[PDB]
Structure formats: structure tokens, C-alpha cells
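Engineer: My structure is in input.txt, and what it holds is compact mmCIF, C-alpha atoms:
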# COMPACT_ATOMS: atom_id res chain seq x y z
CA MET A 8 21.67 71.04 30.10
CA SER A 9 24.59 68.64 29.55
CA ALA A 10 25.01 70.58 26.23
CA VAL A 11 24.82 73.93 27.99
CA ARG A 12 27.89 73.01 30.18
CA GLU A 13 30.17 71.98 27.33
CA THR A 14 29.79 75.06 25.09
CA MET A 15 30.78 77.55 27.78
CA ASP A 16 34.20 75.96 28.52
CA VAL A 17 35.32 76.59 24.72
CA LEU A 18 33.61 79.93 24.61
CA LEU A 19 35.50 81.05 27.73
CA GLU A 20 38.77 80.24 26.02
CA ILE A 21 38.09 82.69 23.04
CA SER A 22 36.88 85.51 25.24
CA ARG A 23 39.84 85.42 27.58
CA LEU A 24 42.36 85.18 24.74
CA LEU A 25 40.73 88.01 22.75
CA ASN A 26 40.31 90.36 25.77
CA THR A 27 36.76 90.86 26.50
CA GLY A 28 36.66 90.82 30.33
CA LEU A 29 33.24 89.20 31.09
CA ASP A 30 32.83 86.78 33.95
CA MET A 31 30.86 83.53 33.64
CA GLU A 32 27.42 84.79 34.83
CA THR A 33 27.43 87.76 32.37
CA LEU A 34 28.71 85.68 29.45
CA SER A 35 25.54 83.52 29.97
CA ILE A 36 23.27 86.67 29.68
CA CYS A 37 24.56 87.67 26.31
CA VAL A 38 24.06 84.11 24.87
CA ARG A 39 20.43 84.31 26.08
CA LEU A 40 20.01 87.77 24.45
CA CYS A 41 21.53 86.66 21.10
CA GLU A 42 19.21 83.51 21.11
CA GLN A 43 16.08 85.62 21.78
CA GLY A 44 17.29 87.86 18.99
CA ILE A 45 19.14 91.16 19.31
CA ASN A 46 20.86 93.50 16.81
CA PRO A 47 24.62 92.85 17.32
CA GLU A 48 25.44 96.66 17.17
CA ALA A 49 23.19 97.42 20.13
CA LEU A 50 24.75 94.64 22.29
CA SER A 51 28.30 95.78 21.81
CA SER A 52 27.33 99.41 22.21
CA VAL A 53 25.64 98.87 25.63
CA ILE A 54 28.41 96.64 27.07
CA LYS A 55 31.09 99.30 26.15
CA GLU A 56 28.85 102.23 27.69
CA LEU A 57 28.01 100.26 31.00
CA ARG A 58 31.72 99.43 31.49
CA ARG A 59 32.92 103.06 30.97
CA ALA A 60 30.04 104.13 33.40
CA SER A 61 30.76 101.54 36.00
CA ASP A 62 34.46 102.41 36.44
CA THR A 63 33.68 106.13 36.92
CA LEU A 64 30.77 105.45 39.40
CA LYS A 65 33.07 103.35 41.58
CA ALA A 66 35.95 105.74 41.63
CA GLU B 311 36.92 86.85 56.40
CA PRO B 312 37.06 83.29 54.95
CA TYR B 313 37.17 82.37 51.27
CA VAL B 314 35.12 79.41 49.99
CA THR B 315 37.79 76.87 50.77
CA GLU B 316 37.78 77.69 54.49
CA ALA B 317 34.31 78.65 54.88
CA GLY B 318 32.80 75.26 55.28
CA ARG B 319 29.97 73.78 53.27
CA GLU B 320 27.38 76.57 53.28
CA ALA B 321 29.41 78.97 51.23
CA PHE B 322 30.04 76.28 48.66
CA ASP B 323 26.28 75.45 48.65
CA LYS B 324 25.28 79.07 47.96
CA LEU B 325 27.75 79.15 45.25
CA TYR B 326 26.51 75.88 43.67
CA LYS B 327 22.88 77.09 43.70
CA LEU B 328 23.97 80.45 41.99
CA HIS B 329 26.16 78.71 39.35
CA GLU B 330 23.58 76.08 38.44
CA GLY B 331 20.89 78.87 38.12
CA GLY B 332 23.23 80.53 35.53
CA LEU B 333 23.09 77.54 33.36
CA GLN B 334 19.43 76.73 34.11
CA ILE B 335 17.89 79.73 32.26
CA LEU B 336 18.71 78.47 28.67
CA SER B 337 17.24 75.12 29.30
CA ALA B 338 13.35 75.43 29.39
CA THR B 339 11.29 72.51 30.99
CA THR B 340 7.73 72.53 32.75
CA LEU B 341 9.24 73.48 36.03
CA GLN B 342 12.92 73.95 36.68
CA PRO B 343 14.74 71.46 38.80
CA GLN B 344 15.10 72.44 42.47
CA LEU B 345 16.41 70.91 45.67
CA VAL B 346 14.26 68.66 47.82
CA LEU B 347 15.73 68.29 51.32
CA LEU B 348 17.67 65.40 52.40
CA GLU B 349 20.43 65.68 54.98
CA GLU B 350 23.84 63.95 54.51
CA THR B 351 23.00 61.43 57.25
CA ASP B 352 19.61 60.64 55.55
CA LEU B 353 21.35 59.86 52.21
CA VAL B 354 23.60 57.25 53.82
CA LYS B 355 20.40 55.42 55.05
CA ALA B 356 18.68 55.53 51.59
CA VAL B 357 21.83 53.94 50.14
CA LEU B 358 21.92 51.33 52.99
CA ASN B 359 18.60 50.15 51.62
CA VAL B 360 19.46 50.14 47.91
CA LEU B 361 22.25 47.61 48.49
CA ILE B 362 19.56 44.93 49.57
CA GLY B 363 17.32 46.16 46.68
CA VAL B 364 14.63 48.22 48.47
CA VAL B 365 13.39 51.68 47.47
CA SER B 366 13.64 54.91 49.60
CA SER B 367 12.41 58.44 48.59
CA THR B 368 15.33 59.12 45.96
CA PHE B 369 15.06 55.60 44.30
CA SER B 370 12.20 54.56 41.98
CA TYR B 371 12.47 50.98 40.95
CA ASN B 372 11.95 50.35 37.22
CA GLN B 373 10.67 46.85 36.27
CA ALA B 374 11.32 47.71 32.54
CA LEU B 375 15.09 47.53 33.12
CA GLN B 376 15.00 45.63 36.40
CA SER B 377 17.08 48.47 37.77
CA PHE B 378 16.78 51.39 40.16
CA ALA B 379 16.50 55.11 39.24
CA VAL B 380 17.77 58.13 41.18
CA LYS B 381 16.76 61.77 40.80
CA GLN B 382 18.37 63.42 37.88
CA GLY B 383 17.98 67.03 38.88
CA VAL B 384 19.61 69.43 41.27
CA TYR B 385 17.92 67.29 43.90
CA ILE B 386 19.88 67.78 46.96
CA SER B 387 22.79 65.43 46.23
CA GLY B 388 24.50 65.94 49.60
CA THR B 389 26.50 69.14 49.62
CA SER B 390 28.27 68.01 46.56
CA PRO B 391 27.20 69.84 43.44
CA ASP B 392 25.21 67.08 41.60
CA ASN B 393 28.26 64.66 42.17
CA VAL B 394 26.26 62.09 44.25
CA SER B 395 23.72 62.19 41.35
CA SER B 396 26.32 60.18 39.33
CA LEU B 397 28.29 58.49 42.20
CA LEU B 398 25.12 56.94 43.89
CA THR B 399 24.05 55.48 40.51
CA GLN B 400 27.09 53.24 40.44
CA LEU C 209 9.37 55.77 61.28
CA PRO C 210 11.44 53.61 63.80
CA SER C 211 8.22 53.21 65.90
CA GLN C 212 6.48 51.85 62.80
CA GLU C 213 9.34 49.39 62.49
CA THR C 214 8.80 48.25 66.12
CA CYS C 215 5.10 47.77 65.15
CA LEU C 216 6.29 45.36 62.41
CA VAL C 217 8.71 43.00 64.19
CA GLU C 218 6.22 42.05 66.82
CA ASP C 219 3.29 41.68 64.38
CA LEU C 220 5.54 39.54 62.30
CA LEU C 221 6.38 37.33 65.30
CA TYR C 222 2.65 36.49 65.91
CA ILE C 223 1.84 35.41 62.35
CA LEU C 224 4.55 32.79 62.41
CA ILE C 225 2.40 31.15 65.02
CA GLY C 226 -0.85 31.34 62.96
CA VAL C 227 -2.37 33.82 65.45
CA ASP C 228 -4.01 36.88 63.87
CA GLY C 229 -1.76 39.93 64.33
CA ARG C 230 -2.54 43.63 65.33
CA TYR C 231 -1.93 45.37 61.89
CA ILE C 232 -1.40 42.24 59.80
CA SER C 233 -4.85 40.93 59.43
CA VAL C 234 -5.68 37.47 58.16
CA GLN C 235 -8.38 36.80 55.51
CA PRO C 236 -9.21 32.95 55.65
CA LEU C 237 -9.48 31.46 52.22
CA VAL C 238 -11.30 28.26 53.19
CA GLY C 239 -10.38 28.41 56.92
CA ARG C 240 -6.78 28.98 56.36
CA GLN C 241 -5.54 26.57 53.75
CA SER C 242 -3.47 29.57 52.55
CA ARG C 243 -3.48 32.67 54.56
CA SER C 244 -3.83 35.98 52.58
CA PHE C 245 -2.15 38.34 55.03
CA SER C 246 -3.11 42.06 54.69
CA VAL C 247 -0.13 44.07 56.01
CA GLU C 248 -0.60 47.80 56.63
CA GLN C 249 -0.01 50.10 53.59
CA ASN C 250 3.02 52.42 53.21
CA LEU C 251 4.03 55.63 54.62
CA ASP C 252 7.63 54.67 53.98
CA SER C 253 8.01 52.13 51.15
CA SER C 254 11.37 50.90 52.64
CA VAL C 255 9.72 48.93 55.47
CA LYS C 256 7.04 47.99 53.09
CA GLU C 257 9.17 45.74 50.85
CA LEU C 258 10.82 44.08 53.97
CA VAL C 259 7.58 42.96 55.52
CA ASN C 260 6.18 41.86 52.15
CA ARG C 261 9.09 39.37 51.82
CA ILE C 262 8.59 37.97 55.28
CA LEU C 263 4.70 37.08 55.07
CA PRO C 264 5.12 34.42 52.35
CA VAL C 265 7.16 32.20 54.84
CA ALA C 266 3.93 32.20 56.94
CA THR C 267 1.87 31.38 53.81
CA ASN C 268 4.12 28.25 53.51
CA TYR C 269 3.42 27.70 57.22
CA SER C 270 -0.41 27.80 56.84
CA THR C 271 -0.37 24.78 54.40
CA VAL C 272 1.25 22.36 56.87
CA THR C 273 -0.80 23.55 59.88
CA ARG C 274 -4.06 23.13 57.88
CA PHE C 275 -3.11 19.50 57.02
CA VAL C 276 -1.63 18.32 60.36
CA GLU C 277 -4.71 19.58 62.29
CA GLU C 278 -6.78 17.75 59.61
CA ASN C 279 -5.21 14.35 60.39
CA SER C 280 -6.77 14.70 63.92
CA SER C 281 -10.06 15.57 62.17
CA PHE C 282 -9.76 12.29 60.30
CA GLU C 283 -8.56 9.95 63.01
CA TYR C 284 -7.65 6.54 61.50
CA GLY C 285 -4.79 4.05 61.88
CA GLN C 286 -3.12 5.21 58.70
CA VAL C 287 0.38 6.29 57.65
CA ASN C 288 -0.74 10.00 57.55
CA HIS C 289 -1.84 9.94 61.24
CA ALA C 290 1.72 9.35 62.30
CA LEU C 291 3.21 11.51 59.55
CA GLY C 292 1.63 14.83 60.42
CA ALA C 293 1.85 14.32 64.25
CA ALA C 294 5.62 14.13 63.63
CA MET C 295 5.39 17.40 61.76
CA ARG C 296 3.77 18.89 64.87
CA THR C 297 6.96 17.98 66.61
CA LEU C 298 8.82 20.01 64.00
CA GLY C 299 6.34 22.91 64.22
CA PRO D 9 13.90 90.06 27.59
CA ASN D 10 13.28 92.34 30.55
CA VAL D 11 14.53 89.95 33.29
CA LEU D 12 17.65 89.18 31.23
CA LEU D 13 18.64 92.84 30.32
CA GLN D 14 18.09 93.82 33.87
CA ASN D 15 20.27 91.12 35.38
CA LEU D 16 23.02 92.34 33.04
CA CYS D 17 22.59 95.95 34.58
CA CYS D 18 23.00 94.45 38.15
CA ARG D 19 25.97 92.27 37.34
CA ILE D 20 28.03 94.83 35.30
CA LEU D 21 27.93 97.38 37.97
CA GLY D 22 28.39 94.44 40.45
CA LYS D 23 26.01 96.11 42.83
CA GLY D 24 22.45 97.52 42.86
CA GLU D 25 19.12 95.81 42.06
CA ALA D 26 17.17 99.05 41.56
CA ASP D 27 20.18 101.40 41.86
CA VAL D 28 20.86 100.29 38.22
CA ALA D 29 17.46 101.71 37.11
CA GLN D 30 19.10 104.59 35.22
CA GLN D 31 21.30 102.17 33.38
CA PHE D 32 18.35 99.86 32.52
CA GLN D 33 16.09 102.47 31.18
CA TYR D 34 19.07 103.75 29.18
CA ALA D 35 19.83 100.22 27.82
CA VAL D 36 16.18 99.86 26.84
CA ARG D 37 16.22 103.27 24.96
CA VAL D 38 19.40 102.29 23.10
CA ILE D 39 18.00 98.93 22.04
CA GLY D 40 14.83 100.83 21.20
CA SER D 41 16.81 102.86 18.56
CA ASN D 42 17.04 100.63 15.46
CA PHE D 43 20.64 99.91 14.38
CA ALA D 44 21.22 98.27 11.07
CA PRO D 45 24.54 96.29 10.67
CA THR D 46 27.37 96.13 8.13
CA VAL D 47 27.07 92.50 7.07
CA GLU D 48 24.56 90.12 8.65
CA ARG D 49 25.74 86.38 8.92
CA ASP D 50 28.39 84.26 7.21
CA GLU D 51 30.58 82.33 9.65
CA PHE D 52 33.72 82.64 7.53
CA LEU D 53 33.73 86.44 7.37
CA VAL D 54 33.44 87.13 11.14
CA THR D 55 35.99 84.30 11.88
CA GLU D 56 38.49 86.04 9.41
CA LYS D 57 38.15 89.48 11.16
CA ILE D 58 39.14 87.75 14.42
CA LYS D 59 42.10 86.05 12.65
CA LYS D 60 43.51 89.29 11.06
CA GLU D 61 43.00 91.09 14.45
CA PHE D 62 45.02 88.39 16.15
CA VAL D 63 47.92 88.88 13.82
CA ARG D 64 47.66 92.66 14.16
CA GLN D 65 47.92 92.69 18.02
CA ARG D 66 51.11 90.28 18.00
CA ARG D 67 49.24 87.34 19.63
CA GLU D 68 49.99 85.13 16.68
CA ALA D 69 50.05 81.88 18.72
CA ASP D 70 46.69 82.60 20.19
CA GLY D 71 45.30 83.25 16.66
CA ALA D 72 46.57 79.83 15.74
CA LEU D 73 44.71 78.37 18.83
CA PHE D 74 41.48 80.29 18.09
CA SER D 75 41.00 78.24 14.88
CA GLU D 76 41.19 74.97 16.86
CA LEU D 77 38.67 76.45 19.35
CA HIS D 78 36.39 77.62 16.56
CA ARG D 79 36.08 74.04 15.07
CA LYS D 80 35.73 72.55 18.53
CA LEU D 81 32.87 74.98 19.19
CA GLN D 82 30.77 73.70 16.36
CA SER D 83 31.15 70.12 17.64
CA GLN D 84 30.07 70.74 21.21
CA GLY D 85 26.97 72.18 19.60
CA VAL D 86 25.92 73.93 16.53
CA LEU D 87 25.03 77.71 16.86
CA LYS D 88 22.49 79.71 14.97
CA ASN D 89 23.52 82.79 16.93
CA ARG D 90 27.21 82.76 16.36
CA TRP D 91 27.73 85.80 14.16
CA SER D 92 26.33 88.00 16.87
CA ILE D 93 28.28 86.19 19.59
CA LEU D 94 31.56 86.31 17.67
CA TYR D 95 30.89 90.02 16.92
CA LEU D 96 30.36 90.90 20.54
CA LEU D 97 33.72 89.40 21.45
CA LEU D 98 35.23 91.25 18.43
CA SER D 99 34.02 94.77 19.57
CA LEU D 100 35.39 94.01 23.09
CA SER D 101 38.85 92.98 21.65
CA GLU D 102 41.83 95.00 23.04
CA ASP D 103 45.56 95.36 22.35
CA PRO D 104 48.18 93.94 24.91
CA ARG D 105 50.15 97.21 24.68
CA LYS D 106 49.17 100.34 26.55
CA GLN D 107 46.52 101.42 28.93
CA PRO D 108 43.47 103.53 28.18
CA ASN D 109 44.85 106.62 30.05
CA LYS D 110 43.13 106.94 33.65
CA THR D 111 39.37 106.29 33.90
CA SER D 112 39.57 106.38 37.76
CA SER D 113 40.66 110.03 37.70
CA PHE D 114 38.17 110.87 34.94
CA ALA D 115 35.13 110.63 37.39
CA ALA D 116 36.40 113.72 39.27
CA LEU D 117 35.69 115.89 36.07
Produce C-alpha cells that represent the structure in this file.
Structural biologist:
Amino acid sequence: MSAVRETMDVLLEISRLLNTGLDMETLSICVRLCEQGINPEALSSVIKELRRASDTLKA
Amino acid sequence: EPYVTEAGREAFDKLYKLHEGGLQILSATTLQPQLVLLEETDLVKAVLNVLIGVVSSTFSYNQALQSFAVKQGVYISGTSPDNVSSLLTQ
Amino acid sequence: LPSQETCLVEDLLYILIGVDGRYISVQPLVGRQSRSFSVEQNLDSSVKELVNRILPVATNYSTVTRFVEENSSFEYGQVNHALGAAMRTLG
Amino acid sequence: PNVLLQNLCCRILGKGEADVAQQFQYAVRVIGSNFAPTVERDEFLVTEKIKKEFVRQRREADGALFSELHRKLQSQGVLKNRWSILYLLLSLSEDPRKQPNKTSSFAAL
């Protein structure tokens, strides 16, 4: 839990430099998903499809 | 409306509970840590006692170190976000 | 909780005197050579450690009152008959 | 996995806790089709793709920084799940030049 706090501060630096565009709460969900095991291709594919979908729904 | 800064304590509290939760999922323990009510005026009386060396309901005296032990969780800690959990130990 | 403190300060005041309290009961060991006070159990452990540290001063009190009431129980012209009657002046 | 995938569906849309049903069932179907990847593990190879990409978008400084951050990352705690994490950030990498057209006018079609 001490551990859990430190990792996220360094991780948030990469993601914001690299342009990813995930807030804190969501960035925690993916780390859970990857630890419980997921194909990497699926995870990127959903995130991209949900994002494209969300912007149209709103507008 | 107000943002958190203006919005008093409650808004900050709701935020702290939401933020901690976010971290709390990856860590697995018997039962997750939760808040157990004390008020801010009830904390200043449990600390009035620990200066003379008497236990309250946040302090458990340990004979093995001859020292006192506060709650380590997300136990209410005032309205501060687990800051009194380290400050009260000093 | 504050009402249970106002129970304590008065019960405490009575056992200095060697009079059996209301919620601090006295078990006589041999007729009160040393008084084993039984103070009421916790509900709040805060007031519990404060009354626990007060009843030993009354344990030290029971030893001199057992002895100075025993020099009257053994009346003789001796140096103890004046010694303990002067401690009654202190008590 | 269900409580986690779901919470992702609520947050991404920023709204809806059963109004995201369509998106959930959809995510579940997608995950339920079996992808196979091009390269599985090796820390060095994924790290390298991210370095080359850095140079390519003209964010050379940042690319320099990312290497410090990568080493740092191991020391705050060792990951077994890194390739997949580092990939996800890769696929979401963007260029600092240009916009992707309108996607707020695209809804009307």
C-alpha cells in the first residue's frame, strides 16, 4: 500500500509525456487488468474504441 | 458552484475516500481498511490522555516496546487524509 | 462517560479514609492489613488507568491504620504506644 | 475481472453505471476474441520502441527523461506486468503536430 503509492507517481510521468490521456483512477484499472492477466492487443484495442465512442456520444 | 478549495471539508473528505479506494483495490487483506468515527474534537481528547500515558480507543499500549500504537488504516484521522496517522505518532 | 468520572472522584475520596466505597469494594486480607480494592471494570479504559494509580496510595494507608489501631489493642507503657498515637495525629 | 472492466466502462464515458452496458458487453466480446501478439515480453525491446518513437515525434528531451523514469520505475518496485503496461502507453502515443480532423462533428453523420 506504501508501494502502491510510489509506483503511480513515476508511471504518471511516462503517460503524460508520451500522450496517452488517462486520468489517475483509470490508470489504476489497467494495472489491475494487466496483473490479473490480459492480452495486450485487446487492452489497447478497447481503450482506443471507447475513446472514439465517447467523444461522438457527448457531441 | 465551489471547487474543493472553497467547499469546506466535506468535499475534500469525499475526494479522499474516492482516491484511497483507487489505490486500495491492488492491495488484498482480510477486510479492507475503513473509517471508524471519531470527530475532530474527540481526537484532541484522546491525545490529551496519551501525553500522561493512558490509552483511549485509537491507542493500544504495547508492553513489548513500552510504547503506544495508533491505528494504521484509513481510520478516521480527522479530516486530514491519513496525515494525523503519522503526526499523532510523534 | 463524565458521569462515570463523577462516580470515581467521590468513591476515591471515601477509601482514603478506610471506609468501604460505593463501587470500590474492599476485600479484607486479614482484617485489612493490606486492602485489595476492587474498582469497577472498564467501559472506557482512560478512566480505568487513572483510578488504578490512585488505589495503591490507600493500600499504603491501610498498613499504618492496621498498626496504630493495634497499639490500642496492646495497651502497654512502651515506646510503640506513643509512636503510633502520634501517627494518628498525622492521619 | 468483471467489476474492474465495468468500472473502466463507467469512467471512460465519465457518466453512466448501466448506461455503459452496451460498451461493457462489447468490451467483453472483444476480449472474448483471442488476439495473439507480435512479440511477448523482453523489457529492452518495448523500451526501445518508446525511445525511437520519442525521437520520431521531435520530443527528444522527453525521450532522454523517459530512460531516467524507466530505471526509477524498477526501483520503486519490480513489475512482472510491464511489457503489457508499456505497450498500452505505446498504442496510445500521439504526435504533437496536428489534430485528428473533427470528431465532434463526426457524430452528426
Engineer: Which residues of chain B are close to chain C, meaning at most 6 Å apart when you count all atoms listed in the file, and how do they look as a list in words?
Structural biologist: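 Output check: residues 364, 365 and 366 of chain B.
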Engineer: Please return, as an mmCIF file with C-alpha atoms, keeping the file's coordinate frame, all residues of chain A lying within 7 Å of chain B when only C-alpha atoms are considered.
Structural biologist:
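Once everything was written out, this is result00.cif:
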data_model
loop_
_atom_site.group_PDB
_atom_site.id
_atom_site.type_symbol
_atom_site.label_atom_id
_atom_site.label_comp_id
_atom_site.auth_asym_id
_atom_site.auth_seq_id
_atom_site.Cartn_x
_atom_site.Cartn_y
_atom_site.Cartn_z
ATOM 1 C CA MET A 8 21.670 71.040 30.100
ATOM 2 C CA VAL A 11 24.820 73.930 27.990
ATOM 3 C CA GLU A 32 27.420 84.790 34.830
ATOM 4 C CA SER A 35 25.540 83.520 29.970
ATOM 5 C CA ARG A 39 20.430 84.310 26.080
#
Engineer: Can you pull out the residues contacting stretch 234-245 of chain C? Cut-off 6 Å, using only C-alpha atoms, and skip same-chain residues under 3 positions away; I want them as a list in words.
Structural biologist: residues 228, 267, 270, 271 and 274 of chain C
Engineer: Report, in Å with one decimal, the straight-line distance from atom CA of residue C:231 to atom CA of residue C:246.
Structural biologist: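 Going from atom CA of residue C:231 over to atom CA of residue C:246 covers 8.0 Å.
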Engineer: To one decimal in Å, tell me the separation between atom CA of residue D:31 and atom CA of residue A:21.
Structural biologist: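 Spanning atom CA of residue D:31 to atom CA of residue A:21 is a straight-line distance of 27.7 Å.
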Engineer: Can you tell me, as a ChimeraX atom specification, what residues are no more than 12 Å from residue D:30 when counting only C-alpha atoms, ignoring any on the same chain fewer than 5 positions away?
Structural biologist: /A:57,60 /D:14,17-18,21,24-25,35-37
Engineer: For residue C:277, find every residue with an atom within 12 Å (counting all atoms listed in the file), except residues of its own chain fewer than 2 positions away, and show them as a list in words.
Structural biologist: residues 239, 240, 241, 270, 271, 272, 273, 274, 275, 279, 280, 281, 282, 283, 288, 289, 291, 292, 293, 294, 295, 296 and 299 of chain C
Engineer: Restricting the calculation to only C-alpha atoms, which member of C:216, C:227, C:222, C:276 is positioned closest to residue C:260?
Structural biologist: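 So, comparing all the options, the nearest one is C:216.
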